[PDB]
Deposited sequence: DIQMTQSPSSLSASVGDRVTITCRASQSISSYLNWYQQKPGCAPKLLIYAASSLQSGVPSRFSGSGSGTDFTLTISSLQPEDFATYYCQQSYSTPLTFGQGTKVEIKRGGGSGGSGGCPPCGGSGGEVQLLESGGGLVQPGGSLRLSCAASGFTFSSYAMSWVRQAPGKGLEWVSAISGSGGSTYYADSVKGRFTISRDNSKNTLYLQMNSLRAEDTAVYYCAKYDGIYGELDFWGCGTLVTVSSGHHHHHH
């Protein structure tokens, strides 16, 4: 496990400020470092991939730098819509690991709201999630992710979860053909990722669920060669308790 550490954990700033967020890796990861923005109740949004490449559609005030072990995300002029939490993620070695996140807070500002397009009610790509709900400890649950708008078998897919009020956690990934699968340490022997390329659907079958598995679960589609996830499902809540 490569440990990603962000600093600071939280941050107060004003519209127009220069904000910089640092991400440190416990070993060299070359440029396999990606940056995500997430607002409360929204799916994450890809900002930077390959350490410094700006994702199509992201304003130029966002920039990334660094290689090896130390990386920095810069917002040159903070805007009302930029108040959110920011995560780095290494795609150098499995298990893929996120930083703990940096919350950028207000302290005279106002945004239009809005979450990034997700699910089937976005555009271009669609990823319809279903299957969440309530289960008791030891039980099971199957999540589905129906894809459309792209050649499903040409893209690896991922499951990422987020416990209430905590950070993004990588769960599992599967290659485009389904021939290779990868799992976080905490879910091996209990979860199974799979895909039906004839039906264009991604699955996560879970059993022996624990209370620590309670989270919002996202399916996400990979893109390119640097392990970035450019489109996400809206999330489905899985609750494990008595």
Where are the holes in the model when you compare it to the deposited sequence?
108 to 110, 246 to 252
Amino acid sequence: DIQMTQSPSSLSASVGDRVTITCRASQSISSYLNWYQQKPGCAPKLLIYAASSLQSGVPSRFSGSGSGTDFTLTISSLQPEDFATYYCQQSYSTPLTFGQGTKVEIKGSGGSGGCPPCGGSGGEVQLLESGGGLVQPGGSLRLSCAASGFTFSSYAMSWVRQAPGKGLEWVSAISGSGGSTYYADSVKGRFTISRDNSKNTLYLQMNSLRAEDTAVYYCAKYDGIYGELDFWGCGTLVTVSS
From here on, numbers count along this sequence of modelled residues.
Which wins on mean Cα temperature factor, 69 to 77 or 84 to 92?
69 to 77
What stretch has the higher average Cα B-factor here, 187 to 195 or 58 to 66?
58 to 66
Residue, from 156, 106, 168, 146, that the PDB entry assigns the highest Cα B-factor
106
Where the record places residue 225 (Cα B-factor, split into thirds across the chain):
middle
When the deposited Cα B-factors of this chain's modelled residues are ordered and cut into thirds, is residue 160 in the lowest, the middle or the highest one?
lowest
Please rank the C-alpha B-factors of the chain's modelled residues and tell me whether residue 219 sits in the lowest, middle or highest third.
lowest
Could you place residue 172 in the lowest, middle or highest third of its chain by Cα temperature factor, using the values in the record?
lowest
By the recorded C-alpha temperature factor, relative to the other modelled residues in its chain, which third is residue 27 in?
highest
